[PDB]
Each structure stands twice: as structure tokens, then as C-alpha cells.
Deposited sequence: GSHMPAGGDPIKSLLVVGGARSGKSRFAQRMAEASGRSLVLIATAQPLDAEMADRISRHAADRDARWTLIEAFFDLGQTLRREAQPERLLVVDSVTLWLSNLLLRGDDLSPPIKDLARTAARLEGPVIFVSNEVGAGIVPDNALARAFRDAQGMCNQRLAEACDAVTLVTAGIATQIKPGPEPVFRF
């Protein structure tokens, strides 16, 4: 079909969303850049090594632990495809630093909608479990859900990845009901 400038990929923990984003990037023929958001315990180091092992010499790596929107604005061009490592771990970095999450979320969705070069956003679903016991985890769950809603609105295409299988949900007609 026609080229898009923005894809959002939403999936659970260890859903295959990362691998799916990587394959969509490697099929594009663009210059490939990974926008890394993960801060390196041994659980994170293992993830970062797994991902790095499974990326060949075509890939450039730029770190953006906090300044993700600014990084996207600076690095995006038609000749390149940027893949955001994890929207989730970027949100996690802001939360734990003390940041108010609503402005950076609003700014990222604004940036997504105005992109001049293609970007794939990889993000977690974290909303389909029980209400968390502590306040900070409830605020994170809330913000990640708000963030994915804003990004889905801004982005040209949205895919859900379940057990390694991609399903497109945008573009697509919203269901209509007559009562």
C-alpha cells in the first residue's frame, strides 16, 4: 500500500512486539536507528544483550532515557526509520525521576503526529490485570494507558502483537451501532 510515517506496536511482556517492530523496520529499505530507552540490574542487562545480539550491522543505536520527544524531532528524516525500544521503559524512567507524566506524554503524541521521517513506537499493554496495591504503580498503569491512547490517535497505523502474531487495528473503520 501507500507509505506511512508512524506505526504503534502494542503488546504484553515478552509478546514478540520488539522482534515484530525490528522485522517491519528491516523490510523498509531505510537507514535503521534504534532509539534505546532502557536503563541498565541483571534483568535489564539480559534484555538489552538479547536485543543487541539479534541486531546486525545495519542498525545505529542512539540513547534517549528521558529526552525521547526531542530525540525523535532531531533524528527523524525520510531517509531513516527510527524504532523506539520501549515507550514503557521511557515512561518508567520519568516516573521514578519524579516527572509529571502528562506533559511529556502530550508532547510525544504531538511529535508523533508531525513526524517528517518514519518511526515505529513499541509499547506495552499494562492495563489488563488487577488494580495495583501501591499508588505509584496505579499512576504508572493509568499514564501508560493514557499514553497508548494518545499515540494510537497520532499514529498512521496501530498493530496489537499477541504471542508473536501481529494484528492491524488501524487503519480500520470504527464499528457503528444502531439501537
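In this chain, the deposited residues that lack C-alpha positions fall in the ranges 1-7, 48.
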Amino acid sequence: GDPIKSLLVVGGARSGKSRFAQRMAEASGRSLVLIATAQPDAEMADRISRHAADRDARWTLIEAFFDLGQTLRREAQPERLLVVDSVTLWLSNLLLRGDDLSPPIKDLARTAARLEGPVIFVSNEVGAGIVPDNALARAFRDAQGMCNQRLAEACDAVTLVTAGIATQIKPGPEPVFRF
From here on, numbers count along this sequence of modelled residues.
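Of the two segments, 18-26 and 166-174, the one listed with the higher mean B-factor is 166-174 (C-alpha atoms only).
The PDB entry reports B-factors from which the mean C-alpha value can be compared for 147-155 and 56-64; the larger average falls on 56-64. Going by the entry's values, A42 shows the largest Cα B-factor out of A42, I35, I120, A112. Residue-level temperature factors show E125 in the lowest third of its chain, judged at the C-alpha atom. In this PDB entry, the Cα temperature factor of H51 sits in the top third of its chain's modelled residues, the highest group. Per-chain ranking of the deposited C-alpha B factor places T71 in the middle third.
Remark: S86 belongs to the middle third of its chain, ranked by C-alpha B-factor as recorded.
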